[PDB]
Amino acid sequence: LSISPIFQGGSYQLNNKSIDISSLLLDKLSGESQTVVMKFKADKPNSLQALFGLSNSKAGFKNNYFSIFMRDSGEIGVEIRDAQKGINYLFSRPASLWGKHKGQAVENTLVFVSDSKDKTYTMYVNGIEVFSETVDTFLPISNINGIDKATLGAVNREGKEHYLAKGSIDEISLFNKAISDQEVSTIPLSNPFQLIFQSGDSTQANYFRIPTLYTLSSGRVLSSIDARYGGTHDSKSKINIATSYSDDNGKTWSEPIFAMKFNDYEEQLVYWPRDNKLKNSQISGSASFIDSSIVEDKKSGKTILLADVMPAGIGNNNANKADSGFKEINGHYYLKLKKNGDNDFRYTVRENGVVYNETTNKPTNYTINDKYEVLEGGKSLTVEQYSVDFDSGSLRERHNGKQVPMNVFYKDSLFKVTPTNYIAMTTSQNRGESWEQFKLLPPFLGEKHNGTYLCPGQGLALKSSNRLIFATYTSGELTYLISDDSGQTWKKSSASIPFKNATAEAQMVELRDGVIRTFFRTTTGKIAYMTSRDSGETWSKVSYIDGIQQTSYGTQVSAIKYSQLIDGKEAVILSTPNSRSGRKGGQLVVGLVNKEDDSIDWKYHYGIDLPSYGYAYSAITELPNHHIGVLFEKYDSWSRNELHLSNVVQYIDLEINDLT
C-alpha cells in the first residue's frame, strides 16, 4: 500500500469473549478517513456477531458505536451510529462470506473503506465489492462522540459485551486513509473459489444466474450462464446467454462471449436497487434468453447449446400457455407474425424466411433472415434501442438514439412473434470460440400449447451412439427432446410425472449403455428420479431419494456419472442444496451403483460450505484430470432478501478424496 498501517495485529482467537485493543489503537486514529483490512475465519459463527467494534462504552451512550458485523447467513455489514449527531447508518449485503472449504475454515479477506472526501463507505470481501454507499452527512468512524473502546469480537455497550463472536482474526490492519480501489486490488487474497463470469467483464451484466459446465472431448471445459442485466430477476428482463471455456482443467477461463444475444436494449452494468420499494423493478420491454443447456455431438464434433427465448416483455408468468406461436400447415410448422396495426396474427414465416400473408396466401415483400431480423425488399429494417436508468427515482426504459437490426422478438418490430416462450439452439464449430445464429426448435406438444422449458445444465450424449437428448419440462411431464442427426431434427419422448405445474428441472446420467437415470426437482421436498433402458424411448415410473432434503418449492439438481470407480463401484455424483428451510447447505452427494438392480447407495455427503450459507442452482463436471469442477450460485436465489447480488456465482475445484 501507499501508506503503512497505524495499527497491525494478528492471531486473535475470538471464543465468545472480546479482546480489548483500545490502548493499542485509539490514540492512533486521526483524521476523518479510515481503512480496515481484516483476515478472519468463522466456520461456526454465532447468529449475529461483531468482528470489530469502536464504541462509547459509557452509560447513556449505547447507540454511539461503529461495528463490522456478520450473520450466520453469510451476511456482512457495518453499523455507524452517534445519538448526538442523530445518525444511524446500517449498510450490509447478504451472502458475502465463506465459512469452510474442503473441511477447513476459510480465511476471508475483508476491506472496509470509510472515505470522508467522497462521503462514501465501501466494503470488499474476498476481492469482491459487496457495497458502496454515499451519504449526505458523513460520519467518520472514530469521530463518534465519546469513543473509549476498540474491541475485537464484540461491541462494548454500557460496559457489556454485545454481539459476541466465535471465530478468529488472523490479521487486522487499520490506516488513516481511504485507500483507492486500485490499491485494494493489490491486497493478497486467500480465496477458495474463482470467478468465471463477473461484474465488469465482457458481458457488462452486473448479475449472473443458472450456471452450466460441460467437459468436451478435446479436454476443453465449457461453461454457459444467464448474463442478467435487470438484477437477478427471471424473464421478463434483459438476459443474454454467455459462455467461457478453460483449456487447463479450470485453472483459467476465457473472457466471456455471447452464445445468444438480443440488442433491442443496451447491455448496461446497472446497480439494481435492493430496497423494499424498488427491488421488484423489472425490465419490462426487452426480449431475453433464459436457462441454457450444453451438449457435445460425437458425430459432427459440434457443440450444441439450447436456451429458452422470450419475446419482449415476456417471461414464464405471462407467456401464453395456449399458443405454441407456430401455425401447422400440412405436417409442417411455421412461425406466426403479427404486423403493426393488426389485431390478429395474419402472417407466417415460410421456407427461406419468406413472410407470407395468411389472409390472402400471397407472399409479401418481407423476409426474415438467419438472425430473425426483418428485411424489406432485401434491405435491413431497424428499430431504436432502449436503455434503462433509475435517475428519476424509479425504473425508466427509454429510446437512446441508437439504431439496431429490427428483430421479430422486439417490442418495436413491424412484425412480432406470439407472446409466448420458445426454445432455440445454436451451435459452435470451434468448441465455444464463436456461436452461430440461433434457430427456434419446432413445437412438440401441438399448435395450441406453449413450448416446454429447458432444464438448465447439460444435455446428454449417449456413449454407444450418436443420440443427443435434452430434458425439458412442462405441466404434468418431462418432455425429452431427442436428436439422432446432430440436432438437425428433434422428436419428443414424454414422461408423465405425478405433480401438476411443477418446475421439474431434470438432469440425466447414463448408468450403463442405453440406461439413463434422470434426477429432477419436485414440489415434495424430495429429489425424484426415473429410468430409461432404451436410450430414452420409454421411461419408468417416478421414485424419490430419501437422505437429501429440499424445500417445498425445490432447487435445480445437477448430476454426473463419474468415469472412475469409487470403493470398487460405479459412481454418480449429485449437487444440490440439502435443506428444508431455504437454498443453503450445499452438498455433493456420492452414490455407488448396485449392478444387480441399478439402485444407488448414497454413501458420501460432502458439505460445500456451512449448512446456513447459500447454495442454489449448480453445475458439476468431471474435469479431464478427474477432479470435479463446481460452478454454483453461492446465495439463496429464492429468498426475496438476497436479490441482485454481484459475483455470487462461483467456481471451485474438488478431488474425490475431498468428497469421501
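Just count from 1 along the sequence shown to find any residue number.
Stretches 332-340 and 147-155 differ in mean C-alpha B factor, with the higher average recorded for 332-340. Mean CA B-factor, 573-581 versus 538-546: the higher value falls on 538-546. Across the options 411, 350, 492, 521, the residue with the most elevated CA B-factor in the record is 350.
Looking only at 120, 202, 286, 84, the residue with the top Cα B factor in the deposited structure is 84. The PDB entry assigns residue 168 a C-alpha temperature factor belonging to the middle third of its chain's modelled residues. Ranked by Cα temperature factor within the chain, residue 487 sits in the middle third according to the deposited record.
Among the modelled residues of the chain, residue 475 sits in the highest third by CA temperature factor in this PDB entry.
For residue 60, the recorded CA B-factor ranks within the highest third of the chain. Only modelled residues enter the ranking. Annotation for residue 41: CA B-factor lies in the middle third of the chain's modelled residues.
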